[PDB]
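Okay, here we've got a single chain as C-alpha cells, the form deposited in one PDB entry, with questions on binding and movement later.
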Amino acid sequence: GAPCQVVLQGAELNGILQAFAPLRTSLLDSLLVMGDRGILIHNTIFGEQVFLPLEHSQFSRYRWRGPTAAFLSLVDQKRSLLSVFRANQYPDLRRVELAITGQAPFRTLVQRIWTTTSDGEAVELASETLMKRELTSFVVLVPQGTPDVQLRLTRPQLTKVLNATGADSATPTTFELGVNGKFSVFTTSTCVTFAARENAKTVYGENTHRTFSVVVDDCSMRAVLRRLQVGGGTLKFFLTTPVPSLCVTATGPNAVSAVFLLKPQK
C-alpha cells in the first residue's frame, strides 16, 4: 500500500464533480496544497485571491503522513491535476485516485483514472495518469481568524450586488452597513440596499449588528465573481485589520471563495 492515499469514487466522485461543474476551467492553473485536513486549491484572478478548500470529509478514503505538501496544478505546462473535474471532458468517470511517494523534502504525487466500459468493470485510462513533484520552497498566504461580519445572498441578490458596483477604477464603489441593518453598496450611481437579519431585499447573516463603511477602487469584482459563476453566496468581511478585506464565498461544499482587498480608510 502507498504511504499516502486519496480516493474519489461513486457518489463521492459524483459530489466532487457536482462541486466542480460550475468552476468552468478558471481554477485549472493553481497551487494545490495537501494535509490531514484535506486538499486546498489557490489561484489569483485579476490580482485578487481565490481558493477552493476540500475537507477530508469529501473523500471516500484518505490519509496524511508527512508535512504539508504543495504542488502546481499544471503538469508540464499543458495538462493539469484538475483537468479530471472539468466534467464534460470525462463524462465516463468511475474512480480517481491520488497517491504520494518519496521522502518529505522531495515528494511526488501520482493521479490515476478509471472509467465506464459499457459496464462497471472500471477499465483504467492508463495513458491519462499524471505525475507532479512537490514545490521545494513555496510560500503562500492564506485566510486566518474569523470573518467579523457575514451576510448571505441568493443568486438574484448577489448578481444585483455585482450590478451595484461600478465596472472599473474610474467608477469606485463603497460597501456599507447602516444602523438597524441597512446593508448597502453604491458608486455615486448604482445605489442599492438590503435589510439585514442576524422579502426580495432581505439579507441574513452573523454579526450584522455593527455599522461600517469600506471603499474599493479595484475593478475586479465584476469580473472575478462572474467568472467563478457564483450562485447563492456569502459575504464574509475581515473588517478589523489595518487593511480590511472581503471573502466572498459561494454555497455548498463547492465553497469556492475569493478575497478582495479594500481601501484602508482608517
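Rigid core: the largest C-alpha set superposing within 1.5 Å between the two forms. Numbering starts at 1 and follows the sequence shown.
The form deposited in another entry is left out here; the points below concern that form.
Rigid core superposed between this form and the one not shown, residues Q89, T159, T129, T101 considered: the one with a C-alpha shift of 2 Å or more is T159. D217 shows a C-alpha shift of 2 Å or greater between this form and the one not shown [criterion: core-superposed Cα displacement of 2 Å]. If you fit the rigid core between this form and the one not shown, you'll see the Cα of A170 move by 2 angstroms or more. Remark: with the core as the superposition reference, the CA shift of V139 between this form and the one not shown stays below 2 Å.
Whereas the shown form places them at one spacing, the Cα atoms of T159 and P53 lie at least 3 Å farther apart in the other entry. Between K236 and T165, the C-alpha separation grows by 3 Å or more in the other entry, relative to the conformation displayed.
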